[PDB]
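Working notes for the structure below.
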Amino acid sequence: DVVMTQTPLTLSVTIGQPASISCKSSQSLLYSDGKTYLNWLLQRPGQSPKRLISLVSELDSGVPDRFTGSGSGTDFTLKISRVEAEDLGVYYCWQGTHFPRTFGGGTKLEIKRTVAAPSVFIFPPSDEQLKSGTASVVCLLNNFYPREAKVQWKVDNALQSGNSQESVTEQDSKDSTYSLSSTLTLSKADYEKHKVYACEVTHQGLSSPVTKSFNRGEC
Amino acid sequence: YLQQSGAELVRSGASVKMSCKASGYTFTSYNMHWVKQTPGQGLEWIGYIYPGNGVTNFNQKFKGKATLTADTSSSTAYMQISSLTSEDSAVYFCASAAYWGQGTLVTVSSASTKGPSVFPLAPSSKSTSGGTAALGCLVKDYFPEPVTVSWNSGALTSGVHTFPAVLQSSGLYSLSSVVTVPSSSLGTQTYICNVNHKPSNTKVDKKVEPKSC
Amino acid sequence: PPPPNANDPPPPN
């Protein structure tokens with residue numbers, strides 16, 4: 001098979017920076033009709049791929065002219081003259097000249113931006129869920145950068161371990177931030193043993209840790 | 001564009017059939033490709049059919065496993081994969097001309113489907129920041145992925161974060177979907193999360209009401 | 001917008 005070698009694996013760039021991605025094929029991609037079937041795709045986080053370029057250099061309709069494709073034979077390059085926030089995601093090359101059709105391994109483009117503190121929210125468990133015998137408490141950190149954030153649960157000022165799960169969003173295509181949820185789950189009997197439920201957030205954009213808390217039954 | 005059929009739960013050893021409906025370009029003029037995406041997000045070509053004459057070509061890895069057809073009267077392409085194993089759980093895409101489908105997630109598992117319970121994440125003084133309020137829905141205890149979440153039947157999209165699901169220690173999935181809105185109008189606006197889980201044929205709408213605390 | 005370029009050549013028959 002014809003191997004597509006794509007570098008770098010990751011591009012971490014600032015808004016306005018040029019970027020370049022290389023794709024090298026293990027054999028020539030020149031077909032017998034004289035055309036070279038080399039395509040570039042972008043798969044933004046969460047989405048299906050979208051073709052940007054075909055026949056090495058030909059932009060698809062609606063692709064901005066900040067993108068250019070060049071190359072011949074075995075060495076190909078996709079360039080972005082000035083990176084914009086919506087350019088993040090994973091770029092792939094793929095060749096259509098040989099069988100099997102093959103793809104490069106992908107280049108992840110991530111955006112570096114200024115530090116932004118999270119907004120922090122907490123949610124008590126619903127009455128409907130409590131009636132069913134479980135209490136889920138959710139702490140939400142919205143629209144922050146960088147991605148690293150420390151979220152601690154404290155129940156009556158005791159640090160918790162072992163009963164929470166986190167999930168982080170993909171980087172945002174407009175403001176290049178992340179959001180994070182932390183969910184503490186207890187049985188209803190355990191939830192009712194304690195009064196104060198708090199989540200404490202440490203992040204580079206915060207001058208000191210932020211705590212959101214409630215008293216069981218106040219809500 | 002290319003519109004793929006919904007997610008599928010299929011037993012080990014059984015087969016799956018998925019579809020790709022084409023519009024906005026000449027279906028019979030371009031090869032229709034099918035592509036598997038691995039968990040590490042590699043892309044692996046399965047094969048194509050050229051709808052103009054029916055010819056197919058396959059990756060040798062899938063020959064004898066994949067069948068590709070094309071209905072030119074309805075501009076719809078189909079892929080069947082037989083003898084499924086754990087390594088066939090993946091998102092499958094169709095692709096043709098400049099377009100890619102949205103993907104069909106196939107989960108190979110002998111476990112029963114389970115639809116989600118949906119609980120409000122109610123806005124309150126404890127979910128206010130800078131004059132904005134956050135609210136959401138907690139979508140708990142379903143199998144397999146995916147659930148889809150919209151707000152106000154798709155009319156509400158700005159400010160929404162639907163988180164990647166987590167795998168709970170039960171083997172069931174959970175996710176939350178949250179939105180930030182003005183705190184000033186929680187008494188006049190309505191926020192309903194719409195949760196759909198195709199494998200269990202589950203559809204739930206939940207109006208998220210504020211708490212008074 | 002003219003028709004999109006092919007990703008790859010169609011087969012003969």
Side-chain angles (χ1 to χ4, degrees), chain A residues 1 39 41 43 46-52 54 60-63 90 92 94 96 99-106 108 118-130 132 134 136 138 140 142-143 165-170 172 178-181 183 185 210 212-215 217-219, chain B residues 2 4 31 33 35 37 40-48 57-61 91 93 95 97-103 117-130 132-136 138 140 159 161-169 174-176 178 180 206 211-213:
Chain A
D1 308 347
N39 307 293
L41 318 173
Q43 182 180 24
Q47 327 298 337
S48 55
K50 163 186 178 202
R51 191 173 76 179
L52 302 185
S54 57
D60 275 294
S61 177
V63 176
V90 180
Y92 297 93
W94 72 276
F99 291 102
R101 309 308 187 218
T102 53
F103 294 81
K108 180 180 192 190
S119 305
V120 183
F121 306 91
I122 193 171
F123 299 94
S126 62
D127 281 353
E128 186 187 15
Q129 185 190 27
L130 286 172
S132 79
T134 303
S136 299
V138 175
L140 169 68
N142 224 41
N143 301 341
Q165 299 193 256
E166 290 183 338
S167 185
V168 187
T169 60
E170 70 267 29
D172 189 77
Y178 299 86
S179 296
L180 176 160
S181 68
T183 302
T185 309
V210 165
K212 296 297 286 193
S213 68
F214 62 93
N215 302 315
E218 98 169 274
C219 289
Chain B
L2 295 175
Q4 290 184 244
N31 295 341
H33 295 276
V35 175
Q37 177 154 59
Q41 306 292 308
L43 297 172
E44 185 179 27
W45 180 74
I46 294 162
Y48 69 64
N57 280 115
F58 290 92
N59 190 328
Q60 288 292 328
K61 186 167 162 174
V91 176
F93 293 101
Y99 321 108
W100 283 68
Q102 80 278 13
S117 303
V118 181
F119 304 109
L121 297 168
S124 74
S125 71
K126 298 317 182 150
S127 65
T128 302
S129 179
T132 70
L135 60 92
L138 164 68
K140 206 171 165 291
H161 295 295
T162 300
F163 284 87
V166 300
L167 180 63
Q168 298 173 111
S169 48
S174 187
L175 61 76
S176 291
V178 300
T180 53
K206 169 71 71 178
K211 289 196 198 302
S212 60
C213 69

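What's counted below: heavy atoms across the whole structure, side chains too, no hydrogens, waters or symmetry copies. Naming convention: chains lettered A, B, ... in sequence-line order (proteins, then strands); numbering from 1 in each chain.
- Between the OG1 atom of A/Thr134 and the CZ atom of B/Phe119 there is a distance of 7.5 Å, given to the nearest 0.5 Å.
- Contacts between B/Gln60 and chain A at a heavy-atom distance below 4.5 Å are absent for every atom of the residue.
- With respect to chain A, the highest number of heavy-atom pairs below 4.5 Å among B/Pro164, B/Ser117, B/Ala122, B/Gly42 belongs to B/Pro164.
- With a 4.5 Å cut-off on side-chain heavy atoms, A/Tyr92 and B/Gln41 count as touching.
- Heavy-atom distances place the side chain of B/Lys140, and not its backbone, under 4.5 Å from chain A.
- Two residues are said to be in side-chain contact when any heavy atoms from C-beta on lie closer than 4.5 Å; B/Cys213 and A/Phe214 fail this criterion.
- In A/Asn215, the CG atom is crowded: over 12 heavy atoms of neighbouring residues, nucleotides or ligands sit closer than 6.0 Å.
- With chain B as the partner, the residue from A/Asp127, A/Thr183, A/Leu180 showing the most heavy-atom pairs under 4.5 Å is A/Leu180.
- A 4.5 Å side-chain heavy-atom check between B/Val35 and A/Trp94 finds every atom pair outside the cut-off.
- With a 4.5 Å cut-off on non-hydrogen atoms, A/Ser167 touches chain B through its backbone and its side chain both.
- In plain terms, the two heavy atoms of A/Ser126 and B/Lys211 that are nearest each other are CA-NZ, 4.3 Å.
- Across every non-hydrogen atom of B/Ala98 and A/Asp60, the tightest pair is CB-OD1, 3.4 Å.
- Of all the listed residues (A/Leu140, A/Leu52, A/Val90), the one sharing the greatest number of non-hydrogen pairs under 4.5 Å with chain B is A/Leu140.
- Between A/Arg51 and B/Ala97 the shortest heavy-atom distance is NH1-O, 3.4 Å.
- Taking 4.5 Å as the limit, some side-chain heavy atom of A/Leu41 sits within range of a side-chain heavy atom of B/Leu43.
- Between B/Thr180 and A/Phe121, the closest heavy-atom pair is CG2-CZ, 4.0 Å.
- With a 4.5 angstrom heavy-atom cutoff, A/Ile122 touches chain B via backbone and side-chain atoms both.
- Interface summary for chain B: among A/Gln165, A/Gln47, A/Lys212, the most heavy-atom pairs under 4.5 angstrom belong to A/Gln165.
- Top candidate by heavy-atom pairs under 4.5 Å with chain B, chosen from A/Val168, A/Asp172, A/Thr102, is A/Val168.
- Judged as a salt bridge (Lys or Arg N to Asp or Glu O under 4.0 Å), and not counting sequence neighbours, the contacts of B/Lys206 are A/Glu128.
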Decide yes or no on side chain to side chain contact (heavy atoms under 4.5 Å, CB included) for B/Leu138 and A/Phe123, but give the supporting numbers first. CA-CA 10 Å; B/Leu138 164 68; A/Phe123 299 94; over 6 Å; no

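- For A/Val138, the part lying under 4.5 angstrom from a heavy atom of chain B is the side chain only.
- B/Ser127 OG to A/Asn142 CG: the interatomic distance, rounded to the nearest 0.5 Å, is 11.0 Å.
- The side-chain heavy atoms of B/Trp100 and A/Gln43, taken from C-beta on, include no pair separated by under 4.5 Å.
- A donor-acceptor pair shorter than 3.5 Å can be found between the side chains of B/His161 and A/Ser179.
- Closest heavy-atom contact between A/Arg101 and B/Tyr48: NH2-CE2, 3.7 Å.
- Among B/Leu175, B/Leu167, B/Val166, the residue with the largest count of heavy-atom pairs under 4.5 Å with chain A is B/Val166.
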